[PDB]
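Beneath this line is the structure, given in C-alpha cells, with notes to follow.
Computed from the coordinates by the stated procedures, all read-outs in this text should not be read as laboratory data. Backbone-built Cβ (ideal geometry, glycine too); neighbour counts: all protein chains shown.
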Amino acid sequence: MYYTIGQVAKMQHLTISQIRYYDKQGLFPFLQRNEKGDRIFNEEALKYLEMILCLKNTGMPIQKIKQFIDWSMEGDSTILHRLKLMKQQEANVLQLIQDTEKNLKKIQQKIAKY
Amino acid sequence: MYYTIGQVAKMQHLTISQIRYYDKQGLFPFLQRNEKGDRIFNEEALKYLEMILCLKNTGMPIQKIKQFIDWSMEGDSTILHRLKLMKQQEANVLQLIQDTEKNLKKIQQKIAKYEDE
C-alpha cells in the first residue's frame, strides 16, 4: 500500500498544504511515485513521517531533521550518528517536559491568586 | 530599585534584541522611567516579564499575551477575563505535556531500535 499526501494529511490531522510544505522543505526525499505519478508514502515512508513530525514538534531545526533523514537512507553506516541524535533529543525532550512543568506551576499559581 | 533592559536580558537569559521584540509587540506598557528618562524594570515589571515568558514558552499567541497584559493594566475589572485565559492556558499546557510525553515515547522506541547490534 502506497498512501497519498491527502490520506497522510487526514491521518495526521494536518492539511494537504502543510504536508506539501514539508515536502517542499526537502523533508521527504524518500517519497516515490505510483503509476499515476502521484508522490506517495509506503509503510517505511510513513514511519519516517511520524519521526519527522515528532522531531519537528519537539523543537528540532528542519535542517537537522533533514540531516537525520539523510543518514537514515545512507544505511547502518550512520547508525551511531543517529543514535547520538536521538539520545540528544531524548535529553532535550526531558528538559522540555521539566521546563513545561515549571511553567504549568506558574500558571496554576496565578489561577490560585485570582 | 530598577533594572535596565540589558540587565534583565542577562538575568532572563534573553538577548537584547529578543526583549526589544516583546517591547515592539507592546508587551511592556508597565515599564517605568529612571532619573535619566530611560525605560527600566522595577520588581513588578519583572514579575510581568516572567509571565510573559511563561505564556510565550508554552505557545500562547503573541496577540493573546498582549491581551493578557492590557487586561492586567485595566485593573480588577477584568479579573474574570484573565482568570479564564489562564484556565484555558493551563488546559493547553496539560495537553502539551501529554503530547510531549507521547513524542518522548517515539524517540525512545527509535533508541531501542538503533541499539539493534
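Key figures
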read-out: Charge dipole of chain B about the Cα centre (unit charges at C-beta), most positive-ward option of B:51, B:67, B:79; value: B:67
read-out: Summed residue charge, Cβ within 13 Å of residue B:14's Cβ, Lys/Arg positive, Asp/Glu negative; value: +1
read-out: Area projected by the alpha carbon convex hull of chain A, averaged over all directions, nm²; value: 9.2
read-out: Scattering curve values for the protein assembly as shown, log₁₀ I(q)/I(0), Debye with Cα scatterers, q = 0.08, 0.11 Å⁻¹; value: -0.43, -0.74
read-out: Peptide A:54-66 - average C-beta neighbours from other chains (10 Å radius); value: 2
read-out: Shielding by partners - mean other protein chain Cβ count within 10 Å, residues of B:97-109; value: 6
read-out: Residue of B:101, B:43, B:35 that the Gaussian network model of chain B assigns the largest fluctuation, springs spanning Cα pairs under 10 Å; value: B:35
read-out: Among A:22, A:109, A:32 the positive-end extreme of the charge dipole of chain A (Cβ point charges); value: A:109
read-out: For chain B: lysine pairs under 20 Å (alpha-carbon distance), excluding those fewer than 8 apart on one chain; value: 23
read-out: For the range A:44-55, 3J(HN,Hα) per residue [Karplus equation, 6.51 cos²θ - 1.76 cosθ + 1.60, θ = phi - 60°, Hz, x = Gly/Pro]; value: 4, 4, 5, 5, 5, 5, 3, 5, 4, 5, 4, 5
read-out: Cβ charges +1 (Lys, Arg) and -1 (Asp, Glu), total dipole of the range B:2-117, debye; value: 280
